[PDB]
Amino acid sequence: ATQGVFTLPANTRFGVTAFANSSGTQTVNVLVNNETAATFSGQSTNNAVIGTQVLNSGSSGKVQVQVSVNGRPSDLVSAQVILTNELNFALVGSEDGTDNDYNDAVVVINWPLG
């Protein structure tokens, strides 16, 4: 199944934050309405924040997370969770190798903000 694709409410600010846990430099692309809206890159084996941004979900609310290591797409896993019918998390993990820890880049999207 498709992973790393979320429908947010239209025209809504959201946070995106990426962490790294891999020997490889992670490249995280965040697409809004099928166009690149933010790109992060960094390397850490200690959960370093390689990127954090506030974006607008745009008129469609379509947000996609892609992860690559030296141009090779990582295998993604994802889910959305809503707490108390208000607080939204869109969560992505990614696997760049064979150990299947799925933490090589970790991306958290959260809304609403403010």
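The numbering used is simple: start at 1 and walk along the sequence shown.
- In this crystal structure, the stretch out of 87 to 95 and 7 to 15 whose C-alpha atoms carry the higher mean B factor is 7 to 15.
- Comparing 23 to 31 with 68 to 76, the stretch with the higher mean C-alpha B-factor in the PDB entry is 68 to 76.
- The PDB entry assigns residue 56 a C-alpha temperature factor belonging to the highest third of its chain's modelled residues.
- For residue 47, the recorded CA B-factor ranks within the lowest third of the chain. Only modelled residues enter the ranking.
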